[PDB]
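Just the one chain here, the form deposited in one PDB entry, laid out as structure tokens.
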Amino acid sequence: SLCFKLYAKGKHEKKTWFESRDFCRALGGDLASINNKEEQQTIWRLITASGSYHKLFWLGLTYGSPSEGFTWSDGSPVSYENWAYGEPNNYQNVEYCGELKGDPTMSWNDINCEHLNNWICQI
């Protein structure tokens, strides 16, 4: 079993999706995968425990292909989904990575992978 770890930082420490993935892998883990409602509840509870409200976080979500759909960087299946209303929308055709809106709904949005965000590792 892995443990989720929140990285909620100021703009100077925020990372692109690829930088966040590489950071978590350097620690022996990966960006967090949310494969069912239970994992989602674990992360929400972790958000409440740290008081890290009103934040956006990279998850391990990245677009694969038409025959795969989205994928998790850790290789686990994208069975469960929790996209926000109207998402994923591939806005302007440049959104290939997934972020978590860290409020009680725990919804996902696709966004440009070069955006600087907070992130969640599984270690």
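Take the two forms, superpose them, and find the largest set of C-alpha atoms that agree within 1.5 Å; that set is the rigid core. Start at 1 and count along the sequence shown; that's the residue number. Shifts are known only where both forms have a C-alpha.
Heads up, the form deposited in another entry isn't pictured, but that's what we're talking about next.
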Legend entry - Residue among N89, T42, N35, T48 whose Cα moves 2 Å or more between the shown form and the other one, once the rigid core is superposed: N89
Inset, instruction - Work out the direction of the Cα-Cα change for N93 and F18 in that other deposited form: closer or farther than in this form? It's 3 angstroms or more. - result: closer
Inset, instruction - Once you account for a change of 3 Å or more, let me know if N82 and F23 sit closer or farther in that other deposited form, using their C-alpha atoms. - result: farther
Inset, instruction - Superpose the two forms on the rigid core, then report in sequence order the stretches of at least three consecutive residues whose Cα positions each move 2 Å or more between the shown form and the other one. - result: 9-11, 69-95
